[PDB]
Every structure is written in structure tokens, then in C-alpha cells.
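Take a look at the structure below.
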Amino acid sequence: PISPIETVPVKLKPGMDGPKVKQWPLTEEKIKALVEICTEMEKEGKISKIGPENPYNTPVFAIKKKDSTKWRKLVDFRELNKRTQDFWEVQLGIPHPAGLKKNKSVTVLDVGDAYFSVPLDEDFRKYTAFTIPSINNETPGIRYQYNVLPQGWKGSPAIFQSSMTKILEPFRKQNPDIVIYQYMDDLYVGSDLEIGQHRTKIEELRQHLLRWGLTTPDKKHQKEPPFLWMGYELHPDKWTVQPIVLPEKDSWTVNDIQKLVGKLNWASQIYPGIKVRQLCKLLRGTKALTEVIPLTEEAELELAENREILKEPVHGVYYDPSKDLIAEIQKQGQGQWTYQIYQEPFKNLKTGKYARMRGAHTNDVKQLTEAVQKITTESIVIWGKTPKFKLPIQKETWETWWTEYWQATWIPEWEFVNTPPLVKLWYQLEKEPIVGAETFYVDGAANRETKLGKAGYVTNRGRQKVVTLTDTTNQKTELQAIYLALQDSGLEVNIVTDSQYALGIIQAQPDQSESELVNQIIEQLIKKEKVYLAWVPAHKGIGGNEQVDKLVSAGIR
Amino acid sequence: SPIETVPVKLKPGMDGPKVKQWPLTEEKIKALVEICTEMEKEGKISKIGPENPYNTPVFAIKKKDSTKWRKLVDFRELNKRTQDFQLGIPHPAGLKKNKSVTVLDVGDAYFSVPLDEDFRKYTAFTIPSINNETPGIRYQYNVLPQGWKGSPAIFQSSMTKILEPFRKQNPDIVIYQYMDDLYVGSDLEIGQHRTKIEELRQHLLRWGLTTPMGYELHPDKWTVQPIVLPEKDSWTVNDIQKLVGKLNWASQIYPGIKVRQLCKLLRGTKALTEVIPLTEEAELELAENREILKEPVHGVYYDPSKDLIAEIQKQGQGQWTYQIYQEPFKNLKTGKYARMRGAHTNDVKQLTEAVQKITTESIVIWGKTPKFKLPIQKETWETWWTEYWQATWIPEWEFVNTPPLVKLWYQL
Ligand SMILES: CCc1nn(CCO)c(CC)c1Oc1cc(C#N)cc(C#N)c1
């Protein structure tokens, strides 16, 4: 059918007019197919013959699907699409199974010949003009135009969507306790009614839809659980990921590892513990797709650990709006975090992992906070509410960090859970200068042209040292200088730098870095018993800084 | 009750806003649906089709002394693409000098004036749904929308008529309109002041707008807090070094600053804890600088062609410092914010309070909101700001990593 729904007024982009793309001369066979295909469509009101007036045209083509000798009609709307107004956006997200509410009875109804059952604005049809060419550019071809939403046109997905929304509205009002999910041409229906009433409610729905030009499958034609939906396997009381097969292979290509990471990240939705970090590392620099990449000992271990996890089929439960959501997070390793969300202890609605920030100097407290934030966002999207957190960090550790950190931070309602490895700060800078501790005045310089540099210090105990560095930057020398002072100092130290850069890094109590150097410094800071770090403006009559600036600057301009 | 609509126009080349809707809680979605289905019945808004490619974000807030959900539309994009907002509202310089200023929400007035038919499209917004089960509920405005700077610009004519009697009766009272609010300042005793506000609400009442003893500001008692120089008997190298740094920095703002005498004390590689007696010379320089820091700042002047910028620092113990300038260091205003009894455990809560306070002051002083540099993670702010937000307006903001020194310079 063709829905009796009021049409959506459509228009071309402001300073633009309809397409006028000439018809390529087509094969005798392809021309025959188009004629019959179009005759059928015309008979169903999908298209209509047009006068010579209409100056618009869009190319037409014909292709046959194999294992069958049945032709298909392809229209190239690339041009019309460039000229068509921008529309809204069908949806801002895809439903996640974990968000699906528990309902005794569920039915899937797909809207049949979707796009073709919806009318197109009459004032716009003129722009959908296409021509079946005559055997060898004989004379005028048979000219048609669409009356319905053309397959592959810009506004079809959005217009169909709206039409369905308008159609479903009255039924929604009269049946507030029934869930209907609109997804493309599909339609999923859920209720807490016993079959009987539900099949009746379904039938009533279909009748309302049919009364509006939309065909659906009848009982015996409806799909049965499990439902294989957009990568998922849906059962009435549980869900999981579509059967994942980890390819047993000797020699892996970039493409193979890419697909592997993909399936793994995908499986991470329900399978807890999946680690992908070591595999991603191999995908650095890549340069090729068919190039084979040898697996590191670490990747082989990671892959093996993943296999074990995937050997045992895991399932997810559905959402109960009456119960609270609980999210638990655990540290898997170096910058690796996993979480799980449930309502009833250990009956997971969903799983996930977190492993961001490319080592831009961070600690476990910052990471945990980031993971909490990420989880919070997805919970709002999926369930419309934030979960209660179970964190492997002491309230004391948390308060100490937050109160003293420069950035405003805030975790929703959480509770400590003794699940090792626990999150903690590995070292802490002193609040005031240490009495009876050597004071190192450090500094570093680097020549912009030569990339050569010097790093060193001078103490109050009269000590001195100056190292020469190759292929360095000002930043690296400043950090080198601090590293030097930490190496030659012992348990208690006061360090005075002129680098806001280094002060910034160290103050944030990092425990991980992409910089081998910063790691040296961290490793060294952990060993100390007491460390005080102060800053002074450079190029001033400031005793100490004024002097290190000499030996470090000499020979390096 | 339609009238002759004011034809609105986007900037040449500029196109309507296409800003994504951020996920909202079920609680807020429920509230917005209830509010919107009611505004639709009243003809203020109407459903729209997919042929409307525009979108503006929407949220749900609750003002102070209010337990009823309110709709807050984030028109920041549309506002930037409008002006028009052409015929603006002049900012009175007398407002910042009043003994007291009262803020009154007059947003309910805008729903009387119909919006230009050809502009309506640009006011489109979406009510999202949980787990994207349902496609968003789409609407657009038929009347002047709250939050759009075009509404007060258009409503000026009617606002001046409403206020004419009250104005002639109290020609010493200053009335400033900014977005959905009215700023009313007088030098009257608090008693008369409040009495005059009550009278003003009656005038507004006669025009259908119930304008509810609102937030009371005292711009007189606003004094730019200095940079603060310590006051100790004995000083260490560390203290002088901490002082030299602080002054070295401040010297970039206040020209009259000197540091040569103090720096003379810091010579040789001494231990940080070593006590150092200050020379009588350094004593003067120090005292002399403190005097400079008491007074404003010579050279800085508000330039109406340039944007206002506000930086905030977390000081700890519920304390926050902030600075307003148009060009870095050239501080037009500096201040402080201390957590009010309740937020005893929330950084985001305190930061949103501080932002609103600073924004309010900017409106009073310059009649413009500053662009904020927020010491927080975007996603965190994005997730929580609406939880404690109570203003009808929304300033522009960006997220930054506070330079550790800056905290000290402004530390109190
Ligand atoms: C109300 C729709 C619905 N609820 N539940 C939870 C049952 O307790 C399920 C699992 C079977 C549904 O079915 C879908 C089937 C397909 C398919 N094919 C897709 C989606 C979605 N989203 C949902």
C-alpha cells in the first residue's frame, strides 16, 4: 500500500535547482528489465509516467543478483542528494540490550516494503524524474517520477521514521503500558500481559498499522527467539554477543589483528576481563594491511587469557526499572580497567572496559575517576539514571587526593570494596621545606639549532654536576636536571626548579608516563622518604637558579 | 493573542544551529514531557517534522526557593548566530554603584509575543528518550522563547511601557534587562528597597507576568580582593623565593612593582629553611608594593568590542578565586568564593555556584557574561552542571589545566 499519511514538505537547498544528469545508453537486456520493473511499480502507484515538461533527470541502472536471473533497479541519487535539504537525524543512538526492560511477552514486527509504502511530497516528485532509455538513443525514453520515498534518497530514512512516529502516536496514548521500539523498518513490541491479551494487543496494533498502509508479518511469519539483532543474540530473559570465533592462526596480518581487536572490544560488552591493550600495541605504526605482525610474548598471553574467557559462554540479564543499578570497577593492570553493572549481586546487565589516556602523565586515582565518568555517561544513556559505585579505593585515599588536587572532581554515591589491587598514591610531596635536607638548585638548557643540551645542579652543601645531553629539548633538560638531583640526593631532598612544566607534572603525583624519563623520576620519587619541590622565576638575581643557569648554559648558547 | 511580528534575520552566510542533545535522566525527561505537552496545549510550541534540520539542547533545572522543574533551553549557538539582538539593550553604569540590586525573572512575559514565522524553524529542540527506544519528541517555538537574546531585544518596546509609571514614580531606581531577568537597583534602605520591588512586581502582575523576594546583591560591598602579601617576623629563603615569584608575576599586571631589593636577599646557594633578616630597603619596596596591590590597576579598561574572560582556581577548603579580563593579566576584576553551608562535600556543586555568581557580577558591571576557563574535566562538567544550575542563562565555557603557580599568586 501507500500510507494515507499527510506528506512531509520537502525542498531543495536554497540556491539550488533539481538534477539534470543525462541517461547513459543502456543494454537491450537492461532496458527490457527496467521496462517490466517500472511497469509493476507503476501499477502499484509507486511511480508515474511524466510529460516532456519535467526537465529533471537522474541516471537509472539495472543489475541481476546471482544464483537467480532476476533483475534489480538501481537509481543513482548522488546528484539529487547533493541538492536535497539537510534533515534531522533518525536517532542519536541504538538501543543497547542491557537497557531492554524485562517483559513476559515480546514480538518483532518488521514493516515489509517500508520506504515504498510512504508518500513523497507532490511538489518534490518532479525532482525524482528518471528515464528508461530507448534501444540505442532512438527517441525519447519512458519518463517516470516517484510518488513514494525512493530507495537511496537522502530524506527517505528520516521521512519514513517520522511517518511511523506519527502513525504510532494514537496507539501509544491509548496503550501507555506497552513498549514499542522503532528501529529502521523494524518494530519491537513488549508487554507484561499473558500471551492471550498480548497477541490481541499485537493484532490490534497491526490493524492500526495496516489501516495506515503498513504491512507486517502475521503470527506464523513473525521471528522466534533467539533474535539475531545488530550483533546480539536476544533471548526472552537474557542476551549475549553473537557467537564470536577467535581465528586459530599462524602469522597474523594487520587486518587479522584489527578484526581481532574489533571482536574482542565487541565481546567486552558482556564477557568480563577482556584485555586488548597488548594487541593494540602491535597496531602502532602499521603502515600496511596485508603485512604480517609477529606476536609479542605479552600479546600471546593476552590472546590466551581472552580465549579462556570466551570459552565459557556468558549471558546478560535485562533491566528492572524498580531496582538500583550497581557498577563495580577493578584494575586489570597498567592503565587497564574493567567494570560490570548489575542489579542483583553478580547477575550482570552489562560489562565493559576502560583504558584511555595515552600516558599523558597520570595516576590510578585520575584513571579510576575517568572510568567512573565514562560509566556514568553510558548509564544515563542506557537507563536514564546513574549507578551506585563499588570502588577499590579507600574513602581516605579519595578525600586526600580530591581535596588537594587543583581540578574540581566528583564521584557519585560510592562505597569502598576490598578488591585488590587497591588504588593508591605511591608518593607525596612535602608541604614545606625540609630542614636539614640538601637543597638542589637545578636547571637545564638546550640549543634550538643544534638540539644539544646541558642539565645540572648546584647545592647548598656546595656540590655541583653538569651533564651533556644530545637530541634534547628545553623540557627534557629540565626533567633531566630534576632526575639528576634525585639520583645524587638520598632519602630527604629540597629541589628548586625554574620549570613550571616539570613542577606541573610532578605535583600531580603521576605513577605512569609515556616518557621513559618521567618514569625514572617516578621510580626515584617512590624510593625517597621526603621530597619538597619549589619554583622560582628564571633569569632573576635569585641565588642558586642564577648560577646553575651558568654551567648549564655555557657551551649551549 | 498575536501582534505584528518583528522579522528576525540570521547573520549573512550563518545558518541555523545543529547542536546535539545530551542524554538526560528519566526524571528530567518525564519533567520535560509534562512541561512541553502543556506548552503545546497553550500554543507556545508545536511538533515539527524531520524537514527541520535544526536543533538546540534542552535541560531541566530547579531555581532556588523552587521545587518545580523548569525547562532550560541552551540557545548559546542561536544567540551567537543572532544580533539583531542590531537593536540591543543599553547597559547602565549606575547599576554597579547601587546599595542594592534585586534580580527578577521576567521570562514568562515572552510567551505573549508571537515569534516571526520564518524564524521559528531555528528554535527547534528535542526531548530524548531512554535507551533510544522512541525517537525524540521534536518541537519549535511560536512565541518568543526564554533563553534567546532576541526575546528581550524584541520585548524592549513592551517592557518600557510596563515600567514607564514605576520609572516616573522612582526616577532614581535603575532597571536593567538582561535575557530573562530584570536588575533593579536603588540606594534606598533595605526596607524601602524591598517595598519598591514588591510594588514593581504588582506592575508586572498587571501584565500577566507573575514575577516572584528574589536574590539580593550589594554591588557596593564588592571590593576587588588584593593579591595578598604575607606578614611574618622572620623569613626563610623559601618564603622570599615564594614572595619574589608572586611579585615577579604581579609586576606583569601593576607596573609600579619593584623586586630588586628583595632579590638582593636571595644570593648564594642557601638552604630553603635558612632564616634571612630583611634589609630596611626591602622593607620599603615590600610595603610600597602592598600599597600598589590595595588599589585597582592602572591601564586596564573595559573594551565593549572584546569578549570577557573569567578564570577560576580551586583553593581548597571550599575556597575559589577568580579573575575577569579581556587580555591576560589585564584584570578588570578579581574575587573570591567560599562554599555556602551545604556543599561541604561537592566540587562541581561549588564550581557551578561560583560560575553563576561571577556571571551575575559580570552582568551587573558590564551587562555581558564572561567566557569561562573551568578547572574540570569536560565530561564531568557536562554530566553534572545541570544538577545544581539555577540561572535562566548559560555562559560560554572551556576546560583548562590550572597552572600550579597561578593558584599561589591568587591564594589567600
Ligand atoms: C520490548 C522489546 C524487547 N524487550 N526484550 C526484553 C525481553 O524480556 C527483548 C529481548 C527479546 C526485546 O526484543 C527485541 C528484539 C529485537 C530483534 N530482532 C531487537 C530489540 C531491541 N532493542 C529488542
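All of the numbers you see were taken from the coordinates with simple rules; none came from a lab. All Cβ positions, even for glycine, are placed from backbone atoms using ideal geometry, and neighbour counts span all protein chains on display.
Contact order for chain A, expressed relative to its length and based on alpha carbon pairs under 8 Å spaced 6+ residues apart, stands at 10 percent. Listed by chain and number, the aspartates and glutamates placed with their C-alpha closer than 19 angstrom to that of B:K336 are A:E404, B:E216, B:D220, B:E295, B:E311, B:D347, B:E353, B:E361; residues fewer than eight positions away on the same chain are left out.
Counting neighbouring Cβ atoms within 10 Å and putting the fewest first, the residues A:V75, B:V228 line up as B:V228, A:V75.
Taking the 0 to 90 degree range and rounding to the nearest ten, how far is the long axis of helix A:474-487 tilted relative to the main principal axis of chain A, both from C-alpha atoms? The angle comes out at about 50 degrees.
The distance separating the Cα centre of segment A:405-471 from that of segment B:37-102 comes to 48 Å. Overall shape: oblate for segment A:7-57, with the ratio a/c of the largest to smallest alpha carbon gyration tensor axis at 1.5 or above and b/c at least equal to a/b.
The dipole here belongs to the protein assembly as shown: it is taken about the Cα centre, uses +1 on the Cβ of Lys and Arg and -1 on the Cβ of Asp and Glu, and is about 1080 debye. For the protein assembly as shown, the alpha-carbon coordinates run over 105, 90, 63 Å along the three principal axes, in decreasing order. Mean per-residue shielding of peptide B:235-241 is 5, counting Cβ atoms of other chains within 10 Å of each Cβ.
Projecting the Cα positions of A:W406, A:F389, A:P421 onto the charge dipole of segment A:320-426 (unit charges on Cβ atoms of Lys, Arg, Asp and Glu, taken about the Cα centre) puts A:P421 furthest along the positive direction.
Antiparallel beta bridges, as assigned by DSSP with both residues in the protein assembly as shown, represent about 80 percent of the total such bridges. Our note on the geometry: Cα centres of segment A:262-333 and segment A:230-253, 12 Å apart. DSSP beta bridges confined to chain A are antiparallel in about 75 percent of cases.
How charged is the neighbourhood of A:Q520? Take every other residue with its Cβ under 14 Å from the Cβ of A:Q520, and add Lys/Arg as +1 and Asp/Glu as -1. Charge balance in the 14 Å sphere: -3.
Counts of other chain beta carbons within 10 angstrom of each beta carbon in peptide A:81-92 average 5. In a solvent-free Debye calculation with one equal scatterer on each Cα, what is log10 I(q)/I(0) for segment A:67-169 at q = 0.14, 0.15, 0.16, 0.21 Å⁻¹, listed in the order of the q values? Log10 I(q)/I(0), no solvent term: -0.76, -0.84, -0.92, -1.25. Of the trypsin sites (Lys or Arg not before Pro) found in segment B:321-412, those in coil by DSSP whose Cβ has at most 11 other Cβ atoms within 10 Å are B:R341.
Computed from label points 7 Å out along Cα-Cβ, the spacing between A:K101 and A:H315 is 2.2 nm.
Relative to the first principal axis of the alpha-carbon coordinates of chain A, what is the inclination of helix A:254-267, with its axis defined by its Cα atoms, in degrees from 0 to 90 and to the nearest 10? Approximately 80 degrees, to the nearest 10. Ranked for footprinting exposure by Cβ neighbours inside 10 Å, fewest first, B:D307, A:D177, A:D113 give A:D177, B:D307, A:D113. With the simple spin-label model, which puts each label point 7 Å out from Cα in the Cβ direction, the B:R194 to A:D113 separation comes to 7.5 nm. The peptide list B:390-400, A:210-220, put in order of mean Cβ contacts within 10 Å with the highest first, becomes B:390-400, A:210-220. With the convex hull constructed from alpha-carbon coordinates only, segment B:369-412 shows a mean projected area of 4.1 nm² over all directions. If you take the square roots of the eigenvalues of the alpha-carbon gyration tensor of segment A:14-106 and sort them as a ≥ b ≥ c, do you get rounded (a/c under 1.5), prolate (a/b over b/c) or oblate? Judged from the Cα gyration tensor, segment A:14-106 comes out oblate (a/c at least 1.5, b/c at or above a/b).
For A:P392, neighbours were defined as the other residues whose beta-carbon sits under 14 Å from its Cβ, and their charges (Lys and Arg +1, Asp and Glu -1) total 0.
With Cα atoms defining each centre, segment B:160-225 and segment A:178-193 are spaced 53 Å apart in the structure. Take every pair of alpha-carbon atoms less than 8 Å apart whose residues are at least six positions apart; their mean separation over the length of segment B:240-366 yields a relative contact order of 16 percent. Normalised by 2.2 N^0.38 Å, with N the number of residues, the alpha-carbon radius of gyration of chain B equals 1.15. As a ratio to 2.2 N^0.38 Å, the alpha-carbon radius of gyration for segment B:303-409 is 1.02. To the nearest whole percent, what portion of all C-alpha pairs in segment B:217-302 is separated by more than 22 angstrom? Result for the distance tail: 32 percent.
Each other residue within a Cβ distance under 12 Å of A:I37 adds +1 if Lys or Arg and -1 if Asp or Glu, for a net charge of +4.
Restricting the chymotrypsin sites (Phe, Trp or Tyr not before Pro) of segment B:318-352 to loop positions (DSSP other than H, G, I, E, B) with no more than 16 neighbouring Cβ atoms within 10 Å leaves B:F329. Taking every alpha-carbon pair in chain A and binning the separations at 20 Å intervals from zero gives 16, 32, 31, 17, 4, 0 percent. Semi-axis lengths, largest first, of the ellipsoid equivalent to segment A:427-557 are 22, 18, 12 Å, with √(5λ) applied to each eigenvalue of the Cα gyration tensor.
Charge dipole (Cα centre; +1 on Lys/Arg Cβ, -1 on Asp/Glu Cβ; no other charges) of segment A:220-377 amounts to roughly 520 debye.
Its Cα centre serving as origin, chain A has a Cβ charge dipole (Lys and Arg +1, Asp and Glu -1) of approximately 1180 debye. Each of B:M14, A:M357, B:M159 has some number of other Cβ atoms within 10 Å of its Cβ, and from fewest to most they run B:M14, A:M357, B:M159. Across segment A:165-178, computed HN-Hα scalar couplings (Karplus, 6.51 cos²θ - 1.76 cosθ + 1.60, θ = phi - 60°) run 4, 4, 5, 6, 3, x, 5, 5, 4, 6, 9, x, 8, 10 Hz from first to last residue, x flagging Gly and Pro. Hydrodynamic radius of segment A:226-319 by the Kirkwood approach over all distinct alpha-carbon pairs: 14.3 Å.
Normalised by the number of residues in segment B:98-179, the mean separation of alpha-carbon contacts (under 8 Å, six or more apart) gives a relative contact order of 29 percent.
Per residue of B:261-267, other chain Cβ atoms within 10 Å of the residue Cβ number 4 on average. Convex hull volume of the C-alpha atoms in segment A:320-426, normalised per residue: 109 Å³.
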